[PDB]
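Residue numbers (the deposited numbering), protein chains in the order written: chain J, 3 to 161, 170 to 236; chain K, 4 to 25, 32 to 236; chain L, 6 to 236; chain F, 6 to 125; chain E, 8 to 126; chain D, 7 to 125.
One structure is given below, encoded as structure tokens.
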Amino acid sequence: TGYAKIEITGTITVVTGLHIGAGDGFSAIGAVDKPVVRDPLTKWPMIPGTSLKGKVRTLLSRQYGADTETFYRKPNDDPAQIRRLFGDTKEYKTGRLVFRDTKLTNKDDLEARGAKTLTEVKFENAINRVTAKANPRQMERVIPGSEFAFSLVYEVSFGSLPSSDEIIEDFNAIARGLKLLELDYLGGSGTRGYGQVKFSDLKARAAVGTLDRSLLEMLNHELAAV
Amino acid sequence: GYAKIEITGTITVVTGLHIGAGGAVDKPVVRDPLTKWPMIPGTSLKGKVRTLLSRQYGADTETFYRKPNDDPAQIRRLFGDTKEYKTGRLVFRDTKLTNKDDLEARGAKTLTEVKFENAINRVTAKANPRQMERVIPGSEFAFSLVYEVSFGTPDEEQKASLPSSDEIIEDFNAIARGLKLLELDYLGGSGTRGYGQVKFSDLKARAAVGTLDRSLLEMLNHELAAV
Amino acid sequence: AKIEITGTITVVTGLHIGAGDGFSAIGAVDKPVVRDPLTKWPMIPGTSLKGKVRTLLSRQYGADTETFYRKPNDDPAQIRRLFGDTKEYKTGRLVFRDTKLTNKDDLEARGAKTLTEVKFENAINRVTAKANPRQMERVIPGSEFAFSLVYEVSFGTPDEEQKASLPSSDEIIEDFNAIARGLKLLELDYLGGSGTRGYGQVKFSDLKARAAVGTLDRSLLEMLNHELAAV
Amino acid sequence: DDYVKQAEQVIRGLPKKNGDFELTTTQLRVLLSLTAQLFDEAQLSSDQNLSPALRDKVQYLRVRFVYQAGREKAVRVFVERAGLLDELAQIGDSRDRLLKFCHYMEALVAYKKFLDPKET
Amino acid sequence: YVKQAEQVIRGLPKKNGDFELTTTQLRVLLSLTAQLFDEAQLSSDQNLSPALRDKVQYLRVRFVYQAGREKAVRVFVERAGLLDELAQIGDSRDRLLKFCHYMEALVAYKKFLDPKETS
Amino acid sequence: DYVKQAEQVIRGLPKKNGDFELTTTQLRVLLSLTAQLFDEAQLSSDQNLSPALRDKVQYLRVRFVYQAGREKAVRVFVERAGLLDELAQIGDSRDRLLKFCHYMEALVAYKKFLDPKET
């Protein structure tokens, strides 16, 4: 019952496309004007942990809310049971879940299956109901087979400290909150055939600190489950 | 948690289907570029039912509906808007070729035809060819979509307006008449020549996550069989 | 607003619709016939079925005094009201289907086996005392496809220049007369091509109509059937 | 299983006496077009072992080859070289041979047309 | 063998003012070979599984049967040497791809020396 | 002068119809992969090519001439700017490869610039 930094492994994988975009990046080729969040050095697609925060921040605020019904209008209006992971200016807290960045791990297998350009240009269209005129566009998204790693940590009780159960159900609140996102969109152009992701191999461990015995396999239960 | 309710289903084509996106093959289907299979995007299934379910509720009691955002309440409820926006309620999954094996095991080999055509100009009756590559007419796709309890994030003053089951059970008729005409109508290009008669099969809603009661969901499937 | 035209089509002659290159091209002659690519049954394409009705109607619904209708976008505005063009950007109200063979489990019990036959033809060309071989292919004339098409009416407005281009219950009957005289000559002209050889006559049985969606006039859709049942 | 290589040499066993062919492709359209029709539904059955409604259907293809063998002497040496009627005895066991037989049969047309002009 | 593709066009008949082959003549080839080697990429093992060692043998039936057509294709295969290396394929994945990469380099050129003027 | 002379040829290609017949949308398959080449050409430390990449400048090379024949503006644009010759003498090293990835970058930015090109 001392210190613990529960590190979380796993591999996310796009099943559909993914168009989490960067606005005005500097890719400079053409209709990469709707780019993806790339690496600046390797120019490989990546995923900010802000979005993996800012989707599980959003899509648990309306799942822990929208049942308690009070709409949680601001990212401090959210209850403690979300923001004690995600952080608040109310209690000044540092979060408790460092959602890390992740980038393109298996670029090697994507050259093994012959996938050529790593970013496929999924065309779309605009039809106006009176003119029936086709207004095209060149929207761009990642290859739907690529896979990114998954890394979050979770600091233990520090402040006179969250007890054993507060580790359990709050970690279970992540796995409850994660399977939502698996059945939800993630990237840009939601609701329209993009941004669906698949999660796998999500386990807990004691990367550092004196993690306990009973309070680990309960945390390897649901996150390995969902 | 009043969470998200997954409607599964299955589309199977009855004739060929052709979603262009652009060997010397000119007009392909949308090729999922890893596995090179055929895919059906969730954009030609949202942007097409918005051209039908906004000509069934509307365009019968004399609505002009000139832009994609003048649509009524029970359409812009579901399909999302920029102005009122209770919730964007229709997440459409993209989908790919489900049975590559049975399309291969039962004889067919090339997965995409080259169906020809011809032009004849009655100045001189001269032949000008054309090739419209379609899908194989037995290519079954999986078909998923999720509904939710749709708790409003309102620009309007009606703050925290949670849709109850009676607003939900209207939408399954909009799910019904969304796809009932879609089985009757097209999906793909080469318009009004016969391509894209589809047949939506094995439609089922399913409370994936949420606190939906037992009585409701089995009646929500009653609209799904009405197509 | 959608109204589907149920039907059934039966061929009485040989039919050589569509050769191209050969999807299978193993067991056929150099001039093949199109076929259902999963099952290799000779279908009917919805292109030439539309590519016949538009070109039969440049003789009776026009071309009166040496007007060619030289490209079919110069069709009269009843044809644009059914099929469509780039002239008014209309969706078209005549959506066909692609029709495959249906009586596979009937034709084998009525004594036919091969499902198509290469009728050998001649080309007696008097050059160097020869009768030129040619081996065009027919289909069995006891074979029955199915038939369907839907009419649709955008009762709000189908165009832009006017706020109302809809048809009410008055415009449908000139369309069904254009269905009547549309399918009229096709009952005695060849459905496919390669004419002057005894091809492609078909007899539409049960050419009824079912309203897909909406409420319709009870008297209308059955007197509309007169223009259906005449041809 | 390698009988596609066999069709490279068993076509040269055709007795070609003038210097020209004598078993041209034109005589074979009552043969090669009728083996296609059973083939198209043979694959369509999901079951490996056949139904008795499908065991008896190959028998008409068998006897039309012996009708042609009694008709034409060229077909009579065409069969007994490549052993068609020999492989058409145990073809009522399972379709895998029946699949491999027509696969063999399609290869017999190939080098036959490779040495034929075929101008239309 | 990408330089061979410029070499083989130096032998095909163009003396009559125009060209003999198209992509339409060899169209049925392209519905098979492009379908073939895109099932060879997803192959993880080096030796071909038996499900497509016959599919490359399916092609070898077709190529010579397609070579039994008009004399436009008579010059084409033997000046390309398709068949002479197509029997070599039956074991390993690598030059199976370079077989397809050769003809993909070929068919990008063989109708594509000015077919619009047909020159 | 390779980073300026892309201007007198982006002028030199003619349009008389009012709009530039070479659309910038006409090259979204040549220039979605030439990015992926450039993203790993520069990550290479060695002066010569990697063995897995000299085919990549060949695999791109046929896609130039394949999309050359498929259109009529690209049919004359490529050899007038001479990307066949600069790809012919490129197989040694990345000395001329990164000249090429900025020769096209000199040509896509100019073709964006000499058009109205609303976005």
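Backbone N, C-alpha and C fix where the C-beta goes; we use that ideal spot for every residue, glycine too.
- Determine, using beta carbons only, whether residue 233 (chain J) and residue 180 (chain J) come nearer to each other than 8 Å. Cβ distance not < 8 Å, so residue 233 (chain J) and residue 180 (chain J) don't count as in contact.
- Sheet register partners of residue 9 (chain J) (DSSP bridge): Residue 9 (chain J) is bridged to J:215.
- Between the region 29 to 48 of chain E and the region 71 to 84 of chain F, do three or more beta carbon pairs fall short of 8 Å? Output reads no: the region 71 to 84 of chain F does not touch the region 29 to 48 of chain E.
- Message: Measuring CB atoms only, is the region 150 to 167 of chain K touching the region 87 to 96 of chain K, in the sense that at least three cross pairs come out at less than 8 Å?
- Response: With the rule of 3 Cβ pairs closer than 8 Å, the region 150 to 167 of chain K counts as touching the region 87 to 96 of chain K.
- Query: According to a CB-to-CB cut-off of less than 7 Å, which residues of the region 92 to 113 of chain F neighbour chain L?
  - Reply: Those residues of the region 92 to 113 of chain F that come within reach of chain L (Cβ to Cβ, closer than 7 Å) are 111.
- Name, going along the chain, the residues of the region 33 to 57 of chain D whose beta-carbon falls closer than 7 Å to a beta-carbon of chain J. Correct list: 34, 37, 38, 39, 41, 42, 45, 49.
- Item | Extent of the continuous alpha helix (DSSP H) run through residue 177 (chain L) | Residues 177 to 185.
- Task: Measure how close the beta-carbons of residue 21 (chain J) and residue 147 (chain J) come, nearest whole angstrom, since I'm counting them as under 8 Å.
- Result: The C-beta distance from residue 21 (chain J) to residue 147 (chain J) rounds to 15 Å, too long to meet the 8 Å contact threshold.
- For residue 38 (chain F), which of helix, strand or coil comes out of DSSP? Note: residue 38 (chain F) maps to coil in three-state DSSP.
- Task: Check the Cβ-Cβ distances between residue 102 (chain K) and every residue of chain J, and say whether any is below 8 Å.
- Result: For residue 102 (chain K), the closest Cβ of chain J is nearer than 8 Å.
- Using only alpha-carbon positions, find the residue among L:165, L:31, L:48 that is nearest to residue 66 (chain E). When only C-alpha atoms are compared, the closest one is L:31.
- Item | Coil, strand or helix - residue 150 (chain K) by DSSP | The answer is strand: DSSP assigns residue 150 (chain K) an E or B state.
- Tell me, please, whether the CB atom of residue 202 (chain K) is closer than 8 Å to any CB atom in chain F? Not closer than 8 Å to any Cβ of chain F, the Cβ of residue 202 (chain K) fails to qualify, so no.
- Message: Our contact map puts residue 140 (chain J) next to residue 24 (chain J) with C-beta atoms below 8 Å; I'd like the distance itself, whole angstroms only.
- Response: Incorrect: roughly 16 Å between the Cβ atoms, too far for contact.
- So is residue 88 (chain E) in contact with chain F if we call contact Cβ pairs under 8 Å? For residue 88 (chain E), no Cβ of chain F is located within less than 8 Å of the residue's own Cβ.
- Message: Taking 8 Å as the threshold (C-beta atoms), are residue 18 (chain L) and residue 151 (chain L) in contact?
- Response: No, they are not a contact pair.
- Message: So, with DSSP's three-state summary, where would you put residue 157 (chain L)?
- Response: If DSSP states are grouped into helix, strand and coil, residue 157 (chain L) belongs with the strands.
- Message: Here's the rule: buried if 16 or more other CB atoms are within 10 angstroms of the residue's CB, otherwise exposed. What is residue 41 (chain F)?
- Response: The residue is buried, with at least 16 neighbouring Cβ atoms inside 10 Å.
- Item | Pair within 8 Å by beta-carbon distance, residue 9 (chain L) and residue 215 (chain L) | Yes.
- Task: Consider the Cβ of residue 9 (chain E): report whether some Cβ of chain D lies at a distance smaller than 8 Å.
- Result: Chain D contact via Cβ: present.
- Query: Does DSSP put residue 209 (chain L) in a helix, a strand or coil?
  - Reply: Strand at residue 209 (chain L).
- Three-state class that DSSP yields for residue 138 (chain K) in the structure shown: Strand, per DSSP.
- Name the chain J residues that come within less than 8 Å of residue 171 (chain K), Cβ to Cβ? Ordered by position in chain J, the residues that pass the 8 Å Cβ test against residue 171 (chain K) are 68, 71.
- Of all Cβ atoms in chain L, is any one closer than 8 Å to the Cβ of residue 118 (chain J)? It does not; no Cβ of chain L falls within 8 Å.
- Report back the beta-carbon spacing between residue 45 (chain F) and residue 116 (chain K) to the nearest angstrom; my notes put them in contact at under 8 Å. Between residue 116 (chain K) and residue 45 (chain F) the Cβ distance is about 7 Å, and since that is below 8 Å, they are a contact.
- Extent of the continuous alpha helix (DSSP H) run through residue 230 (chain K): 223 to 233 is the span of the alpha helix (DSSP H), which, as asked, contains residue 230 (chain K).
- Message: Suppose the cutoff is 8 Å on Cβ atoms and the five residues either side in sequence are ignored; what does the same chain contact list for residue 102 (chain D) look like?
- Response: Taking C-beta separations shorter than 8 Å and ignoring five residues to either side along the sequence, the partners of residue 102 (chain D) in its chain run 92, 95, 96, following chain order.
- Message: Taking DSSP's pairing of strands, which residues face residue 110 (chain F) in a bridge?
- Response: Per DSSP, none; premise fails for residue 110 (chain F).
- Query: Quick one, are the C-beta atoms of residue 28 (chain E) and residue 83 (chain E) less than 8 Å apart?
  - Reply: Here residue 28 (chain E) is near residue 83 (chain E), since their CB atoms are less than 8 Å apart.
- Message: On the criterion of 16 or more Cβ atoms from any shown chain inside 10 Å, does residue 76 (chain K) qualify as buried, or is it exposed?
- Response: Exposed: under 16 other Cβ atoms inside 10 Å.
- Task: Consider the Cβ of residue 30 (chain D): report whether some Cβ of chain J lies at a distance smaller than 8 Å.
- Result: For residue 30 (chain D), the answer is yes, since a Cβ of chain J falls inside 8 Å of its Cβ.
- So which residues of chain F does residue 27 (chain L) contact, with C-beta pairs closer than 8 Å? What residue 27 (chain L) touches in chain F: nothing, since even the nearest Cβ is about 12 Å away.
- Determine, using beta-carbon pairs with one atom in the region 42 to 50 of chain K and one in the region 104 to 115 of chain K, whether at least three such pairs fall under 8 Å. Counting C-beta pairs with one atom in each stretch, the region 42 to 50 of chain K and the region 104 to 115 of chain K have three or more that are closer than 8 Å, which means they touch.
- Message: Which same chain residues end up closer than 6 Å to residue 85 (chain D) when comparing Cβ atoms and leaving out the 5 residues on each side of it in sequence?
- Response: So no residue of the chain qualifies.
- Drop a sphere of 10 angstroms on the beta-carbon of residue 136 (chain L), count the other beta-carbons inside from all chains shown, and report buried for 16 or more, exposed for fewer. With fewer than 16 other Cβ atoms within 10 Å, it is exposed.
- Task: Please compile the residues from chain K whose C-beta is within a distance smaller than 9 Å of the C-beta of residue 156 (chain L).
- Result: Within 9 Å of the CB of residue 156 (chain L), no CB atom of chain K is found; the nearest one sits about 11 Å away.
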